[PDB]
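Keeping their order, the protein sequence lines are chains U, T, N, J, L and 3. Per the deposited numbering, the very first residue in the first sequence carries number 104; after that it's consecutive. Per the deposited numbering, the very first residue in the second sequence carries number 59; after that it's consecutive. Per the deposited numbering, the very first residue in the third sequence carries number 4; after that it's consecutive. Per the deposited numbering, the very first residue in the fourth sequence carries number 31; after that it's consecutive. Per the deposited numbering, the very first residue in the fifth sequence carries number 66; after that it's consecutive. Per the deposited numbering, the very first residue in the sixth sequence carries number 128; after that it's consecutive. Note sheet for the following structure.
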Amino acid sequence: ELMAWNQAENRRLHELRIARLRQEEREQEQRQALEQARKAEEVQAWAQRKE
Amino acid sequence: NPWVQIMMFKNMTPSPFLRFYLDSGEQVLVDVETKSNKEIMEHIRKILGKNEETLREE
Amino acid sequence: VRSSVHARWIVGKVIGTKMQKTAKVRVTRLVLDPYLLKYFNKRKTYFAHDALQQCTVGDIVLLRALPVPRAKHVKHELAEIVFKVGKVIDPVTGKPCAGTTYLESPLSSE
Amino acid sequence: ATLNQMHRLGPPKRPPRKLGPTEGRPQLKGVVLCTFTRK
Amino acid sequence: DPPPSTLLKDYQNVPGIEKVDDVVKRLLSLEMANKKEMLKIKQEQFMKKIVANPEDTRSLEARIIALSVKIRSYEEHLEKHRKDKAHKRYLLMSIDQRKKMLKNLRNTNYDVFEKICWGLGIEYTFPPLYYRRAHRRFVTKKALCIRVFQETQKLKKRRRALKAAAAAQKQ
Amino acid sequence: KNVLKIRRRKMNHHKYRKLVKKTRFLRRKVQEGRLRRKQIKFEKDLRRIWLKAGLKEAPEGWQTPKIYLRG
RNA sequence: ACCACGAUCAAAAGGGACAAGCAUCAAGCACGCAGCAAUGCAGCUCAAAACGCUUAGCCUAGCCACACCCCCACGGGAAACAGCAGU
RNA sequence: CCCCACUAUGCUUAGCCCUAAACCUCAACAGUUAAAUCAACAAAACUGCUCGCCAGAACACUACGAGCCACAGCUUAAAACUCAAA
Ligand SMILES: NC(=O)c1ccc[n+]([C@@H]2O[C@H](COP(=O)([O-])OP(=O)(O)OC[C@H]3O[C@@H](n4cnc5c(N)ncnc54)[C@H](O)[C@@H]3O)[C@@H](O)[C@H]2O)c1
Ligand SMILES: [K+]
Ligand SMILES: [K+]
Ligand SMILES: [Mg+2]
Ligand SMILES: [Mg+2]
Ligand SMILES: [Mg+2]
Ligand SMILES: [Mg+2]
Ligand SMILES: [Mg+2]
Ligand SMILES: [Mg+2]
Ligand SMILES: [Mg+2]
Ligand SMILES: [Mg+2]
Ligand SMILES: [Mg+2]
Ligand SMILES: [Mg+2]
Ligand SMILES: [Mg+2]
Ligand SMILES: [Mg+2]
Ligand SMILES: [Mg+2]
Ligand SMILES: [Mg+2]
Ligand SMILES: [Mg+2]
Ligand SMILES: [Mg+2]
């Protein structure tokens, strides 16, 4: 009974983990979008200077 | 618990967890991410610790 | 279930694979310093039977006691490789990881 | 010292005590060879 | 080494670099640059060949490749400058730092550790368990103890046949 | 600070260097004898090994080298 | 009593644990593994102290060791109070 | 000590030797400026953490052992006698 309760507690913590990881991807994607934009301008600027 | 082997492992996985190995061969995985140290002690006491009655008898 | 070997279950790190079908495993235990009352690691070497020679130096293994020793120094067999060196599978999620980073996201399989 | 150093070195070891002229004994028997005075 | 005609890493992706005069191609090639520019081309070659993301320079793989290029440059430097103690120190320190990187990559990502070793031609070696001088007395004695062991093994095998032969005669 | 401790060390080292200077020919004869005994002690340690292993002579082709001579 | 199909007590064997000082004792020198065997592999211990030297009966409801000496005691040296009283 | 002459040597090349008052006489890393500011002087006073090192003076940058291209050497480094100081 205690092993089953521990397996159920792990499943509960896992559902919280999956919810926590989804919120981190949405934030990671936002950051990754800006960094790519910034990185693209810095490349285009660098490319124009070399051209 | 002087005769229970306790071994620690740093930064091997993304989240912290305890794993107990029993003489039967069973393994007990306890996820401890987000839990305080007091809750971790209370958790393993419940699932694998001797109750107060068993200790009083001894 | 009975065995003449004192250490029935022990976890350790493989530190040698140069013997045929035998892995040399360093097992550490916490030992209390009576004066300092601080715990320090105490390491002991165990030879473990590895029939399939699947143990690699550096992986964390679980050793089981044999009913009777099979050799002068071989009193255990490899029961399970807990953490394969550089190929760890996260037990909490079941996904492969490299240190504190996931190699496959837990969100892939929901 | 650090705790790790104190653990590794262990408890202090006293120097083995130096026996005196009686060799750690209260008295000794002796045979007089010569008598003289010292300054 | 990359060919001298190879363009610099900065001018390789400018539009129209293939239609410029030959003189302009010489001035933007490795031939007209210092050796450090050739090392940037070498590093990029190994990155594309080994790492999954050639633009991730902060991964443990990229650092091993970057340092492996520096290590090779020191070796070439010391081939011509054999009394340069400053760069001999930099080489030995760089080899030690890469071994630490390889140790940490082997423990965390073995599949990537194997690709780094194959790609860079590194034979990973485990460190010795003990660090102590092998002086003349020890070197000589250890050699004698191995010869004594080898001779004892031969004698023990000639005590198996004689016993076997005598046993057969009884029959 | 004063240099009184250095002065004690200074005289000890001067007198030692001078003592070694005066007796450098006796010390050289003593050092030669010690190296001979050191070589003999080394040869015995190797002979003990093959004798305790059951061999009656040194391994075939083995000659104990002189590991303490200047050469 | 006998059977004990056991309990108690407790050898041998196997696993584990177990004094002090000296590292100016730093290497030990066969100390490992696999195989039914043949035999094969070349390993095993060690600065987290191997190997070695020196010192000491011990953790005292008591235990260990010894029992004139050669660790042993067929044999030999030799003729034994470290049982009590005694010299 | 002062004057003159001249050598080893200071230079190069190739090997050694491996020492210094090799000393900011401040170990590495991280943190703090509020507590008591703090024996003194030096260089304002401290905390965390780790390694190295020390345990009266003198004997002793010594003896012996071991290692070393070192052989009038270097490294490691005691004890006995002695003192109530240093
Ligand atoms: N001696 C070893 O080969 C060795 C092996 C593993 C760990 N260590 C660690 O090194 C430290 C010094 O150990 P010690 O006091 O017994 O040696 P030590 O300083 O007395 O030196 C004795 C021997 O160990 C070597 N040694 C010294 N320092 C070492 C170090 N940091 N790492 C490796 N070898 C070293 C020396 O060269 C010599 O051969 C300790 O922290 C120890 O745990 C040493
Ligand atoms: K006896
Ligand atoms: K100074
Ligand atoms: Mg003096
Ligand atoms: Mg027994
Ligand atoms: Mg030491
Ligand atoms: Mg000595
Ligand atoms: Mg005694
Ligand atoms: Mg008697
Ligand atoms: Mg007897
Ligand atoms: Mg009596
Ligand atoms: Mg001249
Ligand atoms: Mg000049
Ligand atoms: Mg200076
Ligand atoms: Mg330091
Ligand atoms: Mg003193
Ligand atoms: Mg000196
Ligand atoms: Mg000296
Ligand atoms: Mg000497």
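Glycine included, every Cβ here is placed at the ideal spot set by N, Cα and C.
Note to self: Run through chain N and tell me which residues come within less than 7 Å of residue 69 (chain T), C-beta to C-beta.
What the structure shows: Walking along the second sequence from the start, residue 69 (chain T) turns up at place 11. Neighbours of residue 69 (chain T) on chain N, chain order: 102, 103.
Notebook entry, point to check: Any chance the CB of residue 144 (chain 3) is under 7 Å from a heavy atom of ligand 4?
Noted result: Numbered from its first residue, the sixth sequence carries residue 144 (chain 3) at position 17. No, Cβ of residue 144 (chain 3) sits at least 7 Å from all heavy atoms of ligand 4.
Next item on the list: Go to residue 139 (chain L), then tell me how far its alpha helix (DSSP H) extends in each direction, as first and last residue.
Entry: As a first step, residue 139 (chain L) is located in the fifth sequence; it is residue number 74 there, counting from the start. Where residue 139 (chain L) is concerned, the enclosing alpha helix (DSSP H) stretches over 125-145.
Margin query: Could you check whether the stretch 68-77 of chain L touches the stretch 92-104 of chain L, counting it as contact only if at least three pairs of C-beta atoms, one from each stretch, sit closer than 8 Å?
Written below: yes
Next item on the list: Give a yes or no on whether 8 Å exceeds the smallest Cβ distance from residue 190 (chain L) to chain 3.
Entry: Position 125 of the fifth sequence holds residue 190 (chain L). Residue-level contact by beta carbon fails for residue 190 (chain L) and chain 3, as no gap is shorter than 8 Å.
Notebook entry, point to check: Can residue 81 (chain N) and residue 13 (chain N) be called in contact, C-beta distance under 8 Å?
Noted result: To locate residue 81 (chain N), count along the third sequence from 1; it is residue 78. To locate residue 13 (chain N), count along the third sequence from 1; it is residue 10. Not in contact: residue 81 (chain N) and residue 13 (chain N) (Cβ atoms no closer than 8 Å).
Notebook entry, point to check: From what residue to what residue does the alpha helix (DSSP H) around residue 169 (chain 3) run?
Noted result: Sequence index remark: in the sixth sequence, residue 169 (chain 3) carries index 42 (1-based). Annotation for residue 169 (chain 3): the continuous alpha helix (DSSP H) segment containing it runs 151-179.
Next item on the list: Alpha carbon to alpha carbon, how far is residue 57 (chain N) from residue 107 (chain L)? Give it in angstroms, no decimals.
Entry: The count along the fifth sequence starts at 1 and reaches residue 107 (chain L) at position 42. The count along the third sequence starts at 1 and reaches residue 57 (chain N) at position 54. So the two alpha carbons sit approximately 37 Å from each other.
Check: Could you give the distance in angstroms between the alpha-carbon of residue 102 (chain N) and the alpha-carbon of residue 129 (chain L)?
Finding: By 1-based counting over the third sequence, the position of residue 102 (chain N) is 99. By 1-based counting over the fifth sequence, the position of residue 129 (chain L) is 64. In a straight line, the C-alpha of residue 102 (chain N) is about 17 Å away from that of residue 129 (chain L).
Notebook entry, point to check: Given that residue 97 (chain T) touches chain U, what residues does it touch there, using C-beta distances under 9 Å?
Noted result: The residue given as residue 97 (chain T) occupies position 39 in the second sequence. Here the premise fails: no neighbours, minimum Cβ distance about 11 Å.
Notebook entry, point to check: Assuming residue 25 (chain N) and residue 53 (chain N) make a contact with CB atoms under 8 Å, what is their CB distance in whole Å?
Noted result: Position 22 of the third sequence, counted from the start, is the residue given in the question as residue 25 (chain N). Position 50 of the third sequence, counted from the start, is the residue given in the question as residue 53 (chain N). Yes, residue 25 (chain N) and residue 53 (chain N) are in contact; Cβ-Cβ is about 6 Å, under 8 Å.
Notebook entry, point to check: For a contact meaning CB atoms closer than 8 Å, what does residue 176 (chain 3) contact in chain L?
Noted result: Start at 1 with the first residue of the sixth sequence, and residue 176 (chain 3) comes out as number 49. Result: 206, 209, 210, 213.
Item checked: Counted within 10 angstroms of its Cβ, other Cβ atoms place residue 34 (chain J) as buried (16 or more) or exposed -> Numbered from 1 along the fourth sequence, position 4 holds the residue referred to as residue 34 (chain J). The residue is exposed, with fewer than 16 neighbouring Cβ atoms inside 10 Å.
Margin query: 8 Å is my cut-off, CB to CB: does residue 119 (chain L) come that close to chain U?
Written below: Within the fifth sequence, residue 119 (chain L) is the residue found at index 54, counting from 1. Chain U, which has no Cβ nearer than 8 Å to the Cβ of residue 119 (chain L), makes this no.
Margin query: According to DSSP, simplified to helix, strand and coil, what is residue 196 (chain L)?
Written below: Position 131 of the fifth sequence holds residue 196 (chain L). In the structure shown, residue 196 (chain L) sits in coil (DSSP, three-state: anything other than H, G, I, E or B).
Notebook entry, point to check: Can you list, in chain order, the residues of the stretch 49-62 of chain N whose Cβ is nearer than 9 Å to any Cβ on chain L?
Noted result: 59, 60, 61
Notebook entry, point to check: Any chance the stretch 140-149 of chain U sits against the stretch 62-70 of chain T, with 3 or more Cβ pairs inside 8 Å?
Noted result: no
Next item on the list: For residue 78 (chain T), name the three-state secondary structure that DSSP assigns.
Entry: Walking along the second sequence from the start, residue 78 (chain T) turns up at place 20. Here residue 78 (chain T) sits in strand by DSSP.
Check: Which residues in the same chain have their Cβ closer than 8 Å to the Cβ of residue 5 (chain N), if we skip the five residues on either side of it in sequence?
Finding: In the third sequence, counting from the first residue as 1, residue 5 (chain N) sits at position 2. Non-local C-beta neighbours of residue 5 (chain N) in its own chain, meaning closer than 8 Å and more than five positions away in sequence, comprise 70, ordered along the chain.
Check: What residue does the alpha helix (DSSP H) around residue 184 (chain L) start on, and which one ends it?
Finding: On the fifth sequence, residue 184 (chain L) is found 119 positions in, with the first residue counted as 1. Residue 184 (chain L) -> alpha helix (DSSP H) spans 175-185.
Margin query: For the structure I just gave you, are there three or more beta carbon pairs, one from the stretch 185-197 of chain 3 and one from the stretch 155-166 of chain 3, closer than 8 Å?
Written below: yes
Next item on the list: Answer yes or no: does any C-beta atom of chain U fall closer than 8 Å to that of residue 86 (chain L)?
Entry: As a working note, residue 86 (chain L) is residue 21 in the fifth sequence. Judged by the 8 Å Cβ criterion, residue 86 (chain L) is not in contact with chain U.
Checklist line | Length of the line joining the Cα atoms of residue 98 (chain N) and residue 86 (chain T) | finding: Numbered from its first residue, the third sequence carries residue 98 (chain N) at position 95. Numbered from its first residue, the second sequence carries residue 86 (chain T) at position 28. Looking at the two C-alpha atoms, the distance is approximately 18 Å.
Notebook entry, point to check: Residue range of the beta strand (DSSP E) that residue 25 (chain N) falls in?
Noted result: Locating residue 25 (chain N) in the third sequence gives position 22, counting from the first residue. It spans 25-35 - the beta strand (DSSP E) in which residue 25 (chain N) sits, taken as one unbroken run.
Next item on the list: Check whether the Cβ atoms of residue 109 (chain N) and residue 8 (chain N) sit closer than 8 Å, and answer yes or no.
Entry: Here residue 109 (chain N) refers to the residue found at position 106 of the third sequence. Here residue 8 (chain N) refers to the residue found at position 5 of the third sequence. The answer is no: Cβ separation not under 8 Å.
Check: Does residue 175 (chain L) get closer than 8 Å to chain N when you measure Cβ to Cβ?
Finding: Numbered from 1 along the fifth sequence, position 110 holds the residue referred to as residue 175 (chain L). With 8 Å as the cut-off, residue 175 (chain L) counts as an interface residue toward chain N.
Next item on the list: Would you decide whether residue 100 (chain N) is buried or exposed? Buried here means 16 or more other CB atoms lie within 10 Å of its CB.
Entry: The residue you call residue 100 (chain N) lines up with position 97 of the third sequence. The residue in question, residue 100 (chain N), is buried, as its Cβ has 16 or more Cβ neighbours within 10 Å.
Item checked: C-beta neighbour in chain N for residue 203 (chain L), strict 8 Å -> For this step, residue 203 (chain L) is matched to residue 138 along the fifth sequence. It does not: the Cβ of residue 203 (chain L) has no partner Cβ on chain N nearer than 8 Å.
Item checked: Three-way DSSP call (helix, strand, coil) for residue 135 (chain 3) in this model -> Counted from its first residue, the sixth sequence places residue 135 (chain 3) at position 8. It is helical.
Notebook entry, point to check: Who does residue 48 (chain N) pair with in a DSSP beta bridge?
Noted result: Taking the third sequence and counting its residues from 1, one reaches residue 48 (chain N) at position 45. Paired residue(s): 29 (chain N).
Checklist line | Own chain, CB closer than 6 Å to residue 180 (chain L), minus 5 neighbours either side, in chain order | finding: Taking the fifth sequence and counting its residues from 1, the one referred to as residue 180 (chain L) is at position 115. Cβ neighbours of residue 180 (chain L) beyond the five flanking positions: 115.
Next item on the list: Consider the C-beta atom of residue 197 (chain L) and the heavy atoms of ligand 1; say whether any pair is separated by less than 7 Å.
Entry: Sequence index remark: in the fifth sequence, residue 197 (chain L) carries index 132 (1-based). Residue 197 (chain L): yes, Cβ under 7 Å from ligand 1.
Notebook entry, point to check: Are three or more beta carbon pairs between the stretch 113-129 of chain U and the stretch 81-101 of chain T nearer than 8 Å?
Noted result: yes
Check: Just checking, does the stretch 212-221 of chain L make contact with the stretch 149-157 of chain L on the three C-beta pairs under 8 Å criterion?
Finding: Inter-segment contact for the stretch 212-221 of chain L and the stretch 149-157 of chain L is absent: fewer than three beta-carbon pairs are separated by less than 8 Å.
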